[PDB]
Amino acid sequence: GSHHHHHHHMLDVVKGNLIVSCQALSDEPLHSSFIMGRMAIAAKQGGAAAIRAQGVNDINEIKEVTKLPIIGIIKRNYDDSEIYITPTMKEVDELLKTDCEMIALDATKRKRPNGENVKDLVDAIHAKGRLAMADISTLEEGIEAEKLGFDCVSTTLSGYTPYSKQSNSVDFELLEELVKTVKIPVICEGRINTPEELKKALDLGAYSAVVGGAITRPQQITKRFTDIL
């Protein structure tokens, strides 16, 4: 198979720039592809180079109204797994029905639903010419992500698995250690609240960074303000 060559490519475009996650799950006040589309427009107009989005309907709305590169995931609980970020081939195939250029998935060491292997998911993604991001919680998971064929790794799940570093602030340590040890792009994702933290992450060698809640979750932004009173 063949297709036409584009001038701009996702990894080149996010390099040293900000990716904005526009996510609002079913228990959140902005749950609606209409609203997540408006959030992406705002992120675009504020200088975001790419968007991270959850669910086929949000992804498709964001792509239409922004034309930005997208990192797509589907979050879904399964009874037989702790994994919820794009846990199976069923979610991978749903995401490949969208135009999102990259698909992130949980690349932790943990057991996946139906006893599926991460390599198969990663191979399915590459088979359709997409990119694969490995959301990880620890340094070894990141090191293994590279070996599995991932195009890039993200610290998304650090502090969100029981065996990774438990923290309320950005895991800069993980970032540094990934940078010493993998060749592929290391993206810093998780609990970036301020411009200073974002600069620090890129200063520490992050290829790019994702900021979600501190831009697109007004409830969380509000809480951070009211917590200080």
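Quick note: we count residues from 1 along the sequence shown, nothing fancier.
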Quiz item: Averaging C-alpha B-factors over each stretch, which comes out higher, 18 to 26 or 5 to 13?
Solution: 5 to 13
Quiz item: Which is higher in the entry, the mean Cα B factor of 38 to 46 or that of 176 to 184?
Solution: 176 to 184
Practice problem: Could you say whether, by C-alpha temperature factor, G149 belongs to the lowest, middle or highest third of its chain? | Solution: highest
Quiz item: How does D120 rank on Cα B-factor within its chain, lowest, middle or highest third?
Solution: highest
Practice problem: Would you check the entry's CA temperature factor for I71 and let me know if it's in the chain's lowest, middle or highest third? | Solution: lowest
Exercise. Consider only the C-alpha atoms of the modelled residues in this chain, order them by B-factor as the entry records it, and name the third containing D106: lowest, middle or highest.
Key: middle
Self-check item: Cα B factor band for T138 (lowest, middle or highest third within the chain)
Solution: middle
